[PDB]
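A single chain comes next, written as structure tokens; it is the form deposited in one PDB entry.
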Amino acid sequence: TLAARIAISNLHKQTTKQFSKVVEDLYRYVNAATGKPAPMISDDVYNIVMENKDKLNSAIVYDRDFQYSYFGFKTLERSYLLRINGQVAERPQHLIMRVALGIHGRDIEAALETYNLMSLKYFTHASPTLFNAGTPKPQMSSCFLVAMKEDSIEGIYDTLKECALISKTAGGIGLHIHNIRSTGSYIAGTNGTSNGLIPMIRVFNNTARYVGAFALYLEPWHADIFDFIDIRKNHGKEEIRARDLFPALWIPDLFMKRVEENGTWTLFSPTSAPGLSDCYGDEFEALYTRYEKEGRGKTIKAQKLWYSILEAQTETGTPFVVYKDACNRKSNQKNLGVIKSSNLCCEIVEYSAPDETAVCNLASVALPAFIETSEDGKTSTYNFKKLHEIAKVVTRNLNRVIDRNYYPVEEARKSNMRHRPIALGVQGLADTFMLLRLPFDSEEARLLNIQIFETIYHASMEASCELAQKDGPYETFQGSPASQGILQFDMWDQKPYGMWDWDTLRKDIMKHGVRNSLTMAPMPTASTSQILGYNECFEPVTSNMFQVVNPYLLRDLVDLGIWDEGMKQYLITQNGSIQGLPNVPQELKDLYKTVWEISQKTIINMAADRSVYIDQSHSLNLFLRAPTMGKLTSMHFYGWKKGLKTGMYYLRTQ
């Protein structure tokens, strides 16, 4: 309330004004108890700041620190700001200037531009980038896609070592394991069987606790599939669980079909059925069927599996669902080979192999920051031209990061330097609709959703083409969909919406290439969108509220008189909902529909809409009343036929 300005001003008093000196102190820092020099600034940036201190110092507007809300700021204080002896040594403006420097280096102009735009809350980078940009070993990447190196104790243990090295930095991990033999499989030069995936998973669970959570990806034909999906079950059978990892399903179309037509589904060990995961679509279904005929696996009723999956999803919120064929059919990285997993949050879709660990850097544009009253006043509209301009900057930022990143494992560096994937997202979609007074489920919200993503995708590809004009295309550009002028929406066999000129862009892409093989992967924004004060990513609100009420809701309630006590009381004891409320104008009830009150068919529709402008995928959480087995089935099947890549992230419940 008045608490934010209390908390912030007190930071100002126990904090040196003058960025150049705070840099000096951070860089000079020394661990008191150990006597060890422990710089929190890189040599590289310290120097830059020193050779420019007056220019840097006077660019900072410390006014801007007061713009975070109490809980927003305390998020920064608790985690993001650099500490000395447990004492905050960084102002929010220092944080930002440092991050800018860590990205742009000697490009002072760009650095100030990034600074200004971030300080004004036009956009922000992901948490790893906020933590580490400008610091000695800047691990700024958020995502790592890891291939299980080989079905052996060496391969497994080499992979575990690699995950430890990754997770120790700020790295989230998606790990696919389709090549690990199942329970009871033969092991040369022994006499006892194999105990399958679960024990091996216990090992990874254990390494995560010791050290970036893990998601594990598995296709549903793997013989250990029934236990795998139940990892997070809290009525655990104990040594058969793994409460700290996440099951994600890598689902082929064939499975969905088998389920649908109430048919059979055969389980295999990778050893008995090689190559399943190194092909997709038709090639897979030809290979699959043959292995079925040849008796290599164990056939079941497909709907038994489907049923179990639903039971785990209902009970635990997992496994996630990501459709393997959508991902490979519609990836600009398909010239690299078959993609075998997504990531921790199911938005990244990139090629990984034993020698190549996929990496991504994330940033999110703040959608509401482009809302403005038109040339008159009776409106407030949306400035797609500014949105376009900022996306071009974020695209350049994210690309700079590729080069200035400290890579934890050589596999990650090899992978990223070759293909240069990038991932832009959004926060404040639900705010944006609310400021324009568009219900989430409305035809204008549907329209605006489409438009926003077309300009972000266009702008990013435009920035990226411009970069390829400067530095050449990424190593593997030749032979990709984009080199032919196939873009994301084309692969969904759709015409773009037309707000921007795609023909010219496509012309230059074919002529000059693009610096980045991918650019768009709407991610969970979480902590960053609490810093900025907006709603998570692209989702609607979960509730409109000695608590904190929705600000736009509040404005409206007050503006109509009906805000008071026997009123306030009503929302609290109604979990942020305003439906079935005695005296609220219908239009507010529709504008402030909470996600439990919005059709999921609508959610999926809009996801599908925007999906045509998404190089990769997006973290589609799904929300259910009291879940029902039939409703989940309808939900998944709707999204699958909608051609979604990520059919589901979490299944949020009740």
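Note that residue numbering begins at 1 and tracks the sequence as displayed. Rigid core (definition): largest C-alpha set, two forms, superposition within 1.5 Å.
Same protein, other form: the form deposited in another entry, not shown, and the subject of what follows.
- Query: After the core is matched up, is the C-alpha of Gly86 off by 2 Å or more between this form and the one not shown?
  - Reply: No; that C-alpha moves by less than 2 Å between this form and the one not shown.
- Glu109 C-alpha relocation of at least 2 Å between this form and the one not shown, rigid core basis: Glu109: C-alpha displaced by less than 2 Å between this form and the one not shown.
- Message: Once you overlay the rigid core, does the Cα of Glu375 travel 2 Å or further between this form and the one not shown?
- Response: For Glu375, whose C-alpha is compared between this form and the one not shown after core superposition, the shift is 2 Å or more.
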